[PDB]
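Whatever order the structure lists them in is the order used to number ligands and atoms, beginning at 1. Within every chain, numbering begins at 1; the chains are lettered A, B, ... in the order of the sequence lines, protein sequences first and strands thereafter.
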Amino acid sequence: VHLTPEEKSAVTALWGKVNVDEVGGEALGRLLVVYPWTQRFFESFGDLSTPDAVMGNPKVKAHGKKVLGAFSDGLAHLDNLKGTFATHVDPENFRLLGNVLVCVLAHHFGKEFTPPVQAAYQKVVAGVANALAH
Amino acid sequence: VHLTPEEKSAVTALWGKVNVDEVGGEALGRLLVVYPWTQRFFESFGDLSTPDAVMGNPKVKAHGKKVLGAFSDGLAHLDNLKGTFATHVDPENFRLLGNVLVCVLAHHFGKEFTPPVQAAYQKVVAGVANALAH
Amino acid sequence: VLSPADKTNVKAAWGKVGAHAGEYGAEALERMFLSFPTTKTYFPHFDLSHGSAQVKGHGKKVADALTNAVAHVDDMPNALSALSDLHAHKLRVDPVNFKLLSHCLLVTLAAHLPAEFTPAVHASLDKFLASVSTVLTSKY
Amino acid sequence: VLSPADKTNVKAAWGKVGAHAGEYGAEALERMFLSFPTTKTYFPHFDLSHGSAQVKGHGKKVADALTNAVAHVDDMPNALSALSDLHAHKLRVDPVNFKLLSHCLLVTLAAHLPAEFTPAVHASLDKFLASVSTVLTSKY
Ligand code: HEM
Ligand code: HEM
Ligand code: HEM
Ligand code: HEM
Ligand SMILES: O=N[O-]
Ligand SMILES: O=N[O-]
Ligand SMILES: O=N[O-]
Ligand SMILES: O=N[O-]
């Protein structure tokens, strides 16, 4: 993705303050709750019987940190996302996950997640989604 | 796109027999009819008042040959689609156009547009759509 | 919302399809599994090879469900109730897969009915299938 | 199909939003135009800069239409009739743009109601907005 410097600034400043232990499990968890078909993508994780059950499931939380991880990778490699994600379902579900994440960021940062800051994150999540859908 | 040789074979054999004067205007025309919002993408073309009016509109036909053209370009350049389409709306509408085209090919070729042959075209149209959505 | 012309178009196409419906359902499935390989994971226990009796059987089921929807085209939510619960609640089919199958059904009709598959009829069939898809994805 | 819990969730969120609805509609629009620049071509004659009185006005209109839909949540097709004809027939809005605006409305609620925006409430609001979107794109 071509991120302008202010755009990069918007992303990095907020990203430094992210609770990397919780935000990933929230996003991934909200995905399983908001878009129930996604659960099938995860056979192992066991109980996903309810929203409360989804959000409190160790593998969710575990794998959430990796989603965040992958997001960080992409952020410091927006020059070449394809060869950073050399390693996964319809491209659309990556887009959905990217948007849930954006909602979680909005949730955790409130006012700080201004429209311009959101705009800059949408470019990153879009880039990552497309890279992961390759 | 990674097309296997039989896949490439399936595409090229059928593609050689395409009426390059008509198929493009059909696809693009069916797009404007099946997905009416697409008409707005084309302000100039004048009358698009009906299906019969859409299909018989010179600019449609004209621009249809270019869509076909672009398809040929991509086909003999599947190694690097990005740098063949260096030159356009939501990626989804390119996908829609690619699928309408597939329906037109199916229409014109009947039995000859076998499931494997379709499968091979879907990879091309997908590749072109994504390249054009870059 | 299907117009009276759409209904008329969809019914006419069903007409021309005639008793080939089951066979056409089968072919559409084959088209889907080959063009969009992700869809095959919903069918682990199926033999998906060409001429499969299981694909043949299933395509007949799908054609029969579509025929049922046409036959009650003003009450699709009710007619398709058990089927939307199956697909969304039990099978958890990704909504995207419905556009994939829809497109393959359109491709299949086009391949067999060159006269009937006009731009207008194509438009109506597309709306029809998207209507059916909406129903079948309403119970998540 | 909105469950009674969804309805209860959506109504509760409308509750917490209170008289900020217009303002929140505005902000969602701003979020949309910046994040998804293609959407701006539907608004050539608007000044889309921050604090625009035209964006403020429009966001109030959008919030008012959503409130109307909630208020008649069992009869949305009727309530939203004039608005789906506007958007599909007159304005020819690409259906995709509805998911874009929906997501921005969700982002906006989340940014302002951290307590109310639980996973369950998020799920219900999403369905609600997708229901509204279905109506507004039914008349092509
Ligand atoms: C956007 C979606 C996903 C992302 C970003 C992601 C990310 C990652 C990453 C970074 C690793 C390596 C971590 C490590 O070395 O410990 C990993 C491993 C793994 N993931 Fe995923 N994953 C995703 C989806 C899935 C799904 C759908 C499954 C289904 C089971 C899955 C299952 C696994 C498994 C079994 C491993 C092996 C453990 C390992 O060596 O890491 N992941 N994932
Ligand atoms: C998939 C979509 C499209 C494809 C593949 C396509 C393809 C092409 C190609 C190959 C050319 C160069 C032909 C030449 O040199 O004469 C061209 C030119 C042009 N196209 Fe497009 N086009 C698309 C969509 C559009 C749209 C939506 C518009 C809206 C007006 C448009 C308007 C034009 C114009 C004004 C030219 C300038 C004439 C020229 O120098 O070619 N095209 N297009
Ligand atoms: C127009 C859309 C569709 C129609 C009309 C349809 C119709 C049907 C019918 C009639 C059945 C059997 C009903 C019964 O046994 O009571 C069925 C089951 C099933 N459907 Fe669909 N379906 C559609 C879309 C899809 C899609 C898109 C997928 C996945 C990509 C899918 C996957 C399945 C699977 C895996 C079964 C169970 C198969 C078995 O175990 O025999 N369906 N569907
Ligand atoms: C939840 C989805 C939406 C709602 C509730 C909504 C609501 C409204 C309302 C209430 C009006 C004015 C009604 C009137 O004047 O009678 C309007 C007009 C309009 N809408 Fe939407 N809308 C939605 C989605 C969209 C989207 C996605 C777009 C384009 C991306 C769009 C573009 C427009 C435009 C260009 C106008 C005319 C603006 C003007 O000239 O003042 N709408 N909409
Ligand atoms: O995470 N497996 O690609
Ligand atoms: O065809 N203009 O990019
Ligand atoms: O093949 N759809 O059940
Ligand atoms: O902003 N939607 O009218």
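- Under the 4.0 Å distance rule, the nearest protein heavy atom to atom 41 (O) of ligand 4 falls inside the cut-off.
- The residue from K65(B), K59(B), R40(B), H88(B) that puts a heavy atom closest to atom 4 (C) of ligand 2 is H88(B).
- If you look at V89(B) next to ligand 2, there are no close heavy atoms at all, none under 4.0 Å.
- Ring geometry, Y140(D) versus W37(B): the interplanar angle falls from 30° to 60°, so the pair is classed tilted.
- Using 4.0 Å as the threshold, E43(B) has no heavy atom nearer than that to any atom of ligand 2.
- When ring centroids are compared, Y42(C) and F33(C) stay outside the 6.0 Å threshold.
- Interface atoms of ligand 4 facing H45(D), defined by a heavy-atom separation under 4.0 Å, are 39 (C), 40 (O).
- Considering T67(D), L113(D), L66(D) as possible partners of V17(D), the one that fulfils the side chain to side chain contact (heavy atoms under 4.5 Å, CB included) test is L113(D).
- In this structure, the protein non-hydrogen atom closest to atom 33 (C) of ligand 4 is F43(D) CZ, 3.4 Å.
- In this structure, the protein non-hydrogen atom closest to atom 24 (C) of ligand 4 is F98(D) CE2, 3.4 Å.
- A side-chain hydrogen bond (donor to acceptor under 3.5 Å, both in side chains) with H112(D) holds for exactly one of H20(D), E27(D), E23(D), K16(D); it is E27(D).
- Shown in contact with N97(D) at under 4.0 Å from a heavy atom are these atoms of ligand 4, numbered in order with element: 27 (C), 30 (C).
- Atom 21 (Fe) of ligand 2 has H63(B) NE2 as protein N, O or S atoms under 2.8 Å away.
- Of all protein N, O or S atoms, those under 2.8 Å from atom 21 (Fe) of ligand 4 number 1.
- For atom 15 (O) of ligand 4, no protein non-hydrogen atom is found at a distance below 4.0 Å.
- Ring centers of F85(B) and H77(B): at least 6.0 Å apart, outside the cut-off.
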